[PDB]
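Trainee:
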Amino acid sequence: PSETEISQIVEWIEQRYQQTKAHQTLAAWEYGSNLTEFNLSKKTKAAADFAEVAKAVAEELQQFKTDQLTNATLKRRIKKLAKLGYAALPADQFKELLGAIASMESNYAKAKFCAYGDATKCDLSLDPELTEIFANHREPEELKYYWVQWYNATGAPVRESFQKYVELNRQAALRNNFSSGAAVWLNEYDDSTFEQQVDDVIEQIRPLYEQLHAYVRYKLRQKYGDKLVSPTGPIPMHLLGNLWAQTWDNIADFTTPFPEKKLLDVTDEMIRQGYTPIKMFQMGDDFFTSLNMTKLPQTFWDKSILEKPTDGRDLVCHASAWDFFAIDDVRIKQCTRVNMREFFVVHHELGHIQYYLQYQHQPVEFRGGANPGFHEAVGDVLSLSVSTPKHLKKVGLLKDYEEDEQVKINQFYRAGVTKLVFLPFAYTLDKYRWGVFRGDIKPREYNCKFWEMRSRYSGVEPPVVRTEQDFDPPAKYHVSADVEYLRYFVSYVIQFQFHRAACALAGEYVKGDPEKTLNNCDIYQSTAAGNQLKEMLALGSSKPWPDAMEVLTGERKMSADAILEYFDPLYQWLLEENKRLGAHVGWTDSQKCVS
Ligand SMILES: *[C@@H]1O[C@H](CO)[C@@H](O[C@@H]2O[C@H](CO)[C@@H](O[C@@H]3O[C@H](CO)[C@@H](O)[C@H](O)[C@@H]3O)[C@H](O)[C@H]2NC(C)=O)[C@H](O)[C@H]1NC(C)=O
Ligand SMILES: *[C@@H]1O[C@H](CO)[C@@H](O[C@@H]2O[C@H](CO)[C@@H](O)[C@H](O)[C@H]2NC(C)=O)[C@H](O)[C@H]1NC(C)=O
Ligand SMILES: N[C@@H](CCC(=O)N[C@@H](CCC(=O)O)C(=O)O)C(=O)O
Ligand SMILES: [Zn+2]
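In the deposited numbering, the protein residues as written are 36 to 630.
(1) Assign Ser37 to one of three DSSP states: helix, strand, or coil.
(2) Tell me whether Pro271 sits in a helix, a strand or coil according to DSSP, three-state version.
(3) Residue range of the beta strand (DSSP E) that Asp153 falls in?
(4) Is the separation between the beta-carbon of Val416 and that of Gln317 shorter than 7 Å?
(5) Quick one: residues in its chain with C-beta nearer than 6 Å to the C-beta of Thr463, no 5 flanking neighbours on either side, listed in chain order?
(6) Measure how close the beta-carbons of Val351 and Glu140 come, nearest whole angstrom, since I'm counting them as under 8 Å.
(7) Who pairs with residue 23 in a beta bridge, going by DSSP?
(8) What is the C-beta distance between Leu109 and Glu38, in whole angstroms, given that I count them as a contact (C-beta under 8 Å)?
(9) Where does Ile340 sit, in a helix, a strand or coil, going by DSSP?
(10) Would DSSP call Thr588 helix, strand or coil?
(11) Leaving out the 5 sequence neighbours to the left and right, which residues in its chain are closer than 6 Å to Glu304 when beta-carbon positions are compared?
(12) Check whether the segment 70-81 and the segment 411-427 are in contact - that is, three or more C-beta pairs closer than 8 Å.
(13) Taking 6 Å as the cut-off, is the beta-carbon of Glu223 closer than that to any non-hydrogen atom of ligand 4?
(14) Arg51 and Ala123 look like a contact to me (Cβ under 8 Å); what is the Cβ gap, rounded to whole Å?
(15) Which same chain residues, not among the five before or five after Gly494, have their C-beta less than 7 Å away from its C-beta?
(16) Anything with a beta carbon under 6 Å from a heavy atom of ligand 4 counts; list them all in chain order.
(17) Expressed to the nearest angstrom, what Euclidean distance is found between the alpha-carbon atoms of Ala146 and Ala188?
(18) What residues in its chain sit with their C-beta under 7 Å from that of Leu221, if we drop five residues either side in the sequence?
(19) May I have the straight-line CA-CA distance separating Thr55 from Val88, to the nearest angstrom?
(20) Please give the ranges of any alpha helix (DSSP H) in the segment 168-254, keeping only runs that are unbroken, at least 4 residues long and fully inside the region.
(21) Less than 6 Å between the CB of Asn406 and some heavy atom of ligand 1, yes or no?
(22) Do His273 and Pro549 count as a contact pair if the criterion is CB distance below 7 Å?
(23) Do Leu278 and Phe379 have their CB atoms nearer than 7 Å?
(24) For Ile558, report the span of its alpha helix (DSSP H) as first-last.
(25) Cα separation between residue 631 and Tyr512?
(26) Would you tell me roughly how many angstroms separate the C-alpha atoms of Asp505 and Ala144, rounded to the nearest one?
(27) When burial is assigned at 16 or more other CB atoms within 10 Å of the CB, is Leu616 buried or exposed?
(28) Which of the three DSSP states is assigned to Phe335 in this structure?
(29) Between which residues of its own chain and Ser418 is the CB-CB distance below 6 Å, once the five residues before and five after are set aside?
(30) Smallest Cα separation from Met593: which of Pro581, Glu600, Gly565?
(31) Mind the definition here: the segment 570-577 touches the segment 395-410 only if three or more C-beta pairs lie below 8 Å; say whether that holds.
(32) Mark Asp320 as exposed unless 16 or more other C-beta atoms lie within 10 angstroms of its C-beta, in which case mark it buried.
(33) Nearest to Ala510 by CA position, among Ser630, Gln206, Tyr181, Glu342, is which residue?
(34) My output table needs one value for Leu553: the three-state DSSP class, helix, strand or coil.
(35) Ligand 1 and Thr79: does any heavy atom of the ligand fall closer than 6 Å to the residue's C-beta?
(36) Would a C-beta distance cut-off of 7 Å place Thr60 and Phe359 closer than the cut-off?
Below you can see the structure in the form of structure tokens.
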């Protein structure tokens, strides 16, 4: 048969695949929104159904040579439709794997806690009570109690489900001709040197990260005292405003260089201006429309969940953005709260939605990111513009003020503790999981190799001694839910490449120009930038990701150049200020995990 004829076969296969994948997504949404055992059975049934379909599709497609085919687009449609992943397993083992994952995720989403000092109040959750305690409370013993409560409840109790998940994740990789689950994840980036590229970015980031780490540690020790914060050891992580210490934005003002100069937390103005969750999504919609990009369809507003329900049902509150593989059926589920942190999450998620809308005209197997990092980068690029004093003044969230060099340091500092510190964190999560998947990290050393890696690359440690009887990795959503995390590392690098290109197109960035830096660029209302961005996103997965990147940046590789430029003024200030203050840089290894 001619390629124009094979193209008719896959076209019929594509519609078959799309319909069962939609049915499966729909059942997953219902569980995600309403965690009942009944809804779990329907989720795995619909997943089992799709697994059958994908097996049949994969066999049906082995009847075409693909080495005498010429349309490259066509070869690519057949390869992506034939990629089974977990569906490669016999159905019994498939449902056993999904049940192991759901067992972890369910335990995470359903955890509840008694208040510090009040055993009669035991309805506290991660979202919102614990998140906000860590964000705003500066009492170490209270923070330590909740840290211990959280990890004891979401980590060790699911060790066995985790072990089962690892074993069958491996079986699925072998049945797909990969050496391990780690090769499967890395395959999504389509570059055999990609693991090395990530190590190279970590090494370029490290000197800057270590200067910032050193300043934060110095300030936390001045605030909390030397018995709590060692001047030379890793930072007790429960003091960094976040249960995983993945971003330290919540202690930015508490530790800022110039606390009596203008600060850039707009939470109080959001509250004071009567902001609501819906208003917050409306403003993110407006930013995308200002870029000549797709306005949110009405289906989004009808079916999205944008506040935590008040009816006591269990659900996954971890914010997510869903593509139902139809037309304009796109939804966010977010337990939104009215503060600046959540305002950026809004944009992150709406970037996922916008990507969905831009490539929904493609065949189903191209309806994804160019690689998983492109998907995570989209909304964060907007958040880079939204975070500038320029934009916050436009939208009225930041009152006017005299700008000087110290206000600019407070600004650079906030950005560093919000975004720069996350890269070592994101790196360690998949370096750890790759090690479990590959066998380099064995079950009897699961916990101390985790905390050892967190100490090596992030210089943070638990507030109490942990042991191998603890098992702490699943205390992080993406571990319990089996969501690859390198996507966020890649995003945090390339999003600055995307931001630089979009600012250039908006006439907001000139290299070397003090009035047009990456740090003060706002691409709000730049249809010139939106148009080039639209083009990249409309590709979905139809081209190799270097070609998608070139569309917006003229470059074809991930590079830390952009992000090192963004943070160079902060880096120069820290180098001098740590020397002046006598702050130690670097850290001894943590002693907080015992084997
Ligand atoms: C969360 O998920 C549960 C399922 O696990 C939903 O439960 C379902 O609730 C509906 C009503 O809201 C029940 O419908 C009733 O069915 C009976 C007989 O089938 C009929 O006599 C009634 O007229 C009514 O239609 C349904 O039975 C029930 N399903 C199960 C399996 O118990 C629940 O509604 C969900 N909650 C939210 C807020 O979506
Ligand atoms: C906003 O985007 C639309 C496409 O979604 C642009 O429409 C194109 O406009 C050019 C004008 O040079 C035409 O040649 C194309 O045929 C149009 N295509 C479509 C699909 O409409 C529109 O130009 C963009 N607006 C701005 C201000 O950039
Ligand atoms: N860096 C953040 C991002 C996590 C987040 O908020 N949402 C996820 C949901 C993904 C999914 O459920 O498949 C997403 O939007 O990517 C963190 O670690 O908290
Ligand atoms: Zn995301």
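All residues carry an ideal CB built from backbone N, CA and C; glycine is no exception.
Mentor: In brief:
(1) Per DSSP, reduced to three states, the secondary structure at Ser37 is coil, with no helix or strand assignment.
(2) Note: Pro271 maps to strand in three-state DSSP.
(3) Taken as a continuous stretch (DSSP letters only), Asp153 belongs to no beta strand (DSSP E), as it is neither H nor E.
(4) No, the Cβ-Cβ distance between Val416 and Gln317 is not below 7 Å.
(5) For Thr463, where only same-chain residues beyond five positions count, the Cβ hits under 6 Å are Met488, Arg489, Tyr492.
(6) At roughly 7 Å, the Cβ-Cβ gap stays under 8 Å, so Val351 and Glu140 are in contact.
(7) Since the displayed the chain opens at 36 and closes at 630, residue 23 lies outside it and no answer follows.
(8) Sure, about 6 Å apart at Cβ, within 8 Å.
(9) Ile340 carries a strand assignment under DSSP once its states are collapsed to helix, strand and coil.
(10) Correct three-state label for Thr588: helix.
(11) Non-local C-beta neighbours of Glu304 in its own chain, meaning closer than 6 Å and more than five positions away in sequence, comprise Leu432, ordered along the chain.
(12) The way I'd put it, the segment 70-81 doesn't touch the segment 411-427; fewer than three beta-carbon pairs between them come closer than 8 Å.
(13) No, since every heavy atom of ligand 4 falls outside the 6 Å radius drawn around the Cβ of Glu223.
(14) Contact annotation, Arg51 with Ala123: C-beta distance approximately 18 Å; criterion of less than 8 Å not satisfied.
(15) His248, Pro269, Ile270, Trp622.
(16) Qualifying residues come out as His383, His387, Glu411.
(17) One C-alpha to the other measures close to 7 Å.
(18) These residues qualify, in order along the chain: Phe229, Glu230.
(19) Answer to the nearest angstrom: the Cα atoms are 7 Å apart.
(20) Runs of alpha helix (DSSP H) with 4 or more residues, each lying fully within the segment 168-254, are found at 175-189, 194-210, 216-222, listed in chain order.
(21) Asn406 has its Cβ no nearer than 6 Å to any heavy atom of ligand 1.
(22) Not in contact: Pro549 and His273 (Cβ atoms no closer than 7 Å).
(23) Their beta carbons are not under 7 Å apart, which means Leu278 does not touch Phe379 by this criterion.
(24) Annotation for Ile558: no alpha helix (DSSP H) segment contains it, and DSSP assigns it neither H nor E.
(25) In this structure the chain extends from 36 to 630, so residue 631 is not present and cannot be described.
(26) When rounded, the separation of the alpha-carbon atoms in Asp505 and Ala144 is 19 Å.
(27) The residue is exposed, with fewer than 16 neighbouring Cβ atoms inside 10 Å.
(28) Note: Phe335 maps to helix in three-state DSSP.
(29) Closer than 6 Å at the Cβ level, and outside the excluded window around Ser418, lie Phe379, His382.
(30) Considering only alpha carbons, the answer is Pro581.
(31) By the C-beta criterion, the segment 570-577 is judged to be in contact with the segment 395-410, since at least 3 inter-stretch pairs fall below 8 Å.
(32) Answer is buried; the Cβ neighbour count reaches 16.
(33) Closest option to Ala510, Cα to Cα, is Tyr181.
(34) Of the three classes helix, strand and coil, the one that applies to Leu553 here is coil, per DSSP.
(35) Flag unset: Cβ of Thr79 not near ligand 1.
(36) Cβ distance < 7 Å, so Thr60 and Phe359 count as in contact.
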